[PDB]
Every structure is written in structure tokens, then in C-alpha cells.
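For reference, each letter of the sequence shown is one residue, going 1131 to 1485 in the working numbering. Positions of the beta carbon are idealized from the N, C-alpha and C atoms, including for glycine.
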Amino acid sequence: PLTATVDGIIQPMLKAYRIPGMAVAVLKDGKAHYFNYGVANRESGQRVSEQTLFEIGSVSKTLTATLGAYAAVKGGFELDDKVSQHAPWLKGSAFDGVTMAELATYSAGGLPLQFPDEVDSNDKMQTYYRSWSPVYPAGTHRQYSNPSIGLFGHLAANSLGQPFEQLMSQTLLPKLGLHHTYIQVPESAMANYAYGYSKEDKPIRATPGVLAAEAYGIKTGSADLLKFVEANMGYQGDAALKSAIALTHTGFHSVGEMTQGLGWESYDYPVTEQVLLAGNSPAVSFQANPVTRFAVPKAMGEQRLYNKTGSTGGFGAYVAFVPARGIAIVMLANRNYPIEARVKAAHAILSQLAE
Ligand code: NA
Ligand SMILES: [Zn+2]
Ligand SMILES: [Zn+2]
Ligand SMILES: [Zn+2]
Ligand SMILES: [Zn+2]
Ligand SMILES: [Zn+2]
């Protein structure tokens, strides 16, 4: 049984981690199912719905990756192009020796998790990339990195002659049928925007930063985010967007049991909880690891679990889907609670959905 299942997993988790609100959406047998808990705003008491806007943090990277793939499919660049081919200001830099695909998959050579301290203007960002010295040879190490995929999204949008935000809001989101998903939440929708809650229980929301839109800037609810997942299960429409989504299901290297694609990370299905936790642990996400290189990028197919974790100061999100079994789960919360718990919860739920 569906509702009691989700409730049984989710609600104890909300109490244990003091999660004020969570929106959950699952895909099964071709239908969306919504389960909503608690409040978007603990002081007003406004209840969470599938239309409540959450910061989804790095789940945004899957949309950025899709935009990037779309630009590639439309001929703005080839994934194997050197980065400086698409960044005149980077010619002569280390990015002469880095591909767009490496940049998208955090394997450029040791770009850090966050921009350094005062790399926080466009002009200082440009100087930063220009003067960057690789820690590792290109394509040998995976180090999860906002600068890395941030630059990828930025240059990809530029290859079509548009700012990232414009290409996302005027082309990609509308073509995916996502009309309630935002990089900047309009006044008209501000009523739906949840508050995040810090470790100290203060209401907070993410602020704009250098390449923040690209790396972790999407606000959306569970309904829209599930629609994006549905497009990843079977999109039939514009051939280009279909081809783009297909590119995000391509694997470029692996780290242990996890295969890195564009935005999505995936596992061989069926996958155990232990393997899913490991692939999403600090061991993989907060340090550089040598990769298992692929002879050529590989279409990963349907017998996979695809996922992405996402966090901001006040928000915690998780998404996972399994195309061959037609199941997916979206979990959006307004507290940045341990990824470990997100993963157990989702695994327990998906396990039941499969059955
Ligand atoms: Na069974
Ligand atoms: Zn239902
Ligand atoms: Zn500054
Ligand atoms: Zn630029
Ligand atoms: Zn629209
Ligand atoms: Zn696919």
C-alpha cells in the first residue's frame, strides 16, 4: 500500500531531524503521487504542497547538464572540444587542455568544491580560471565541484549566444513543460516559496553568487521536479530535447560503483543501500578520487538507478529514478538534513515501489 508506506518512512525521519516541511512525489505505473508534510513557513504555518517552491541545491546540476547537452545537440559545441575553444578569455590557460565533457563531469583536474574566498565577481572569476593550475592531469580524477560544472553551464549557454538564465527560463524549462520552476522566483510566485531553516533554526534562503544559478540555483516544487524526472523516463517530443536527455544518461567514468554522467550519477540496478550510501558519501563528494576511465562514453541505459543529491543552507533535496521499472522518487525538504537519511529513505521507498 502506497500512502502508509511513504508515511511510515518519511514521518519518523521528519521528527528525528526536525524537518519543518517536506514535499514527496513518486512515480509508479505511469502516475504521479504526491505526499506532503508539515510547513513551508514555520512562523506563518503555511502547509507544504506539491506546488510549494523549495531550493533544490545541486539537483539543479541535472537541469544545467540538460541545458548543456541541449546546446551540444544544437551544435554550440562538442563534448570533446577543449574548453578554451569556447571561452576566448581562457585561450592560453590550462583550459587549453580540458574538454567540455571533463568540465561537466568534475574531471578537469582538481577544481575545488567552492570558489575560493574572494572569487566572487565576474571579473575575478575570469582571472581565477585564467590563472588556475591543474592539480591532476585532465580526465584522471573526479572532484565534485561547483566551479567545474558552473563554467560548463555558462559556456554552454554562451555557445548558443545567450546568458545561462535566459536559455534556461525561455527555452529549456518551457520545452520540458516546467512552467513553475525558477532560477529567480518572480513576485507572482513568491507566495509559494518556502523558508529554509538553518542549523540554528533561523529562516534562510540562498543568495545569488558567481555561477550559482548553474550550480545550485533552481527553485521548484515536487510536481514540476517529478515532471522533469518523467521526461528522463520517456520523453517523446522535440527530437533535440530527447537527444539531450539521452546525453545526460551517458556515462563518462566511474568511481567505485557510481558512474558519472552529465549531472546524473547512476548505479547498476538492482542496487543495495550500502552501495548507494557509499556513492553519495563524503568519501566520494568531498575529496578527489581517481576515476575508472572509459574507452569511450557509454550509454548507460534503462537498468540503472539514476540519482542526484542537493543542498543549500536551509534546504535538502534528493531525486532517484529507475527507468526499467518505471519508478521514481522526489524528496524536497526545508532543512539541510543528512544525505545519509535521504538515501535510506528513498531506497526503502523505491524498494517497495518495485515489488
Ligand atoms: Na517480491
Ligand atoms: Zn496516487
Ligand atoms: Zn568579495
Ligand atoms: Zn562569460
Ligand atoms: Zn511558462
Ligand atoms: Zn536514457
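Boundaries cannot be given for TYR1274, as no alpha helix (DSSP H) includes it and DSSP labels it neither H nor E. Assigned with DSSP and collapsed to three states, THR1402 falls in coil, not helix or strand.
Straight-line spacing of the CA atoms in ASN1466 and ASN1252 works out to 28 Å. Within the model, the alpha-carbon separation for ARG1177 versus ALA1321 is close to 12 Å. Residue nearest to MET1430 within the set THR1442, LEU1371, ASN1288 and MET1363 is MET1363 (criterion: CA-CA distance).
Fewer than three beta-carbon pairs drawn from the stretch 1303-1319 and the stretch 1223-1240 are found closer than 8 Å, and the two stretches are therefore not classed as touching. In the three-state reduction of the DSSP assignment, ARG1465 falls in the strand class, which pools E and B. The beta carbon of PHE1207 is closer than 6 Å to those of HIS1216, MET1230 and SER1289 in its chain, skipping five residues each way along the sequence. Between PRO1333 and the set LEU1355, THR1442 and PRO1453, the nearest pair of CA atoms involves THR1442.
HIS1271 is positioned such that its CB atom lies closer than 8 Å to that of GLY1239.
In chain order, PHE1382 and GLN1390 place their CB closer than 6 Å to the CB of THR1235, counting only its own chain and leaving out the 5 sequence neighbours on each side. With fewer than 16 other Cβ atoms from the protein chains shown falling within 10 Å of its own Cβ, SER1318 counts as exposed.
Taking C-beta separations shorter than 6 Å and ignoring five residues to either side along the sequence, the partners of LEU1303 in its chain run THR1311, following chain order. Taking the C-beta atoms as reference points, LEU1462 is found nearer than 8 Å to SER1352.
Within the stretch 1362-1420, the complete alpha helix (DSSP H) segments of 4 residues or longer fall at 1369-1378, 1403-1409 and 1412-1415, listed in chain order.
DSSP lists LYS1158 as the bridge partner or partners of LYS1161. Among the bridge pairs identified by DSSP, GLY1151 is matched with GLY1168.
In this structure, DSSP gives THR1194 a helical state, which the three-state scheme calls helix. Rounded to whole angstroms, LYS1372 and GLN1366 show a C-alpha spacing of 7 Å.
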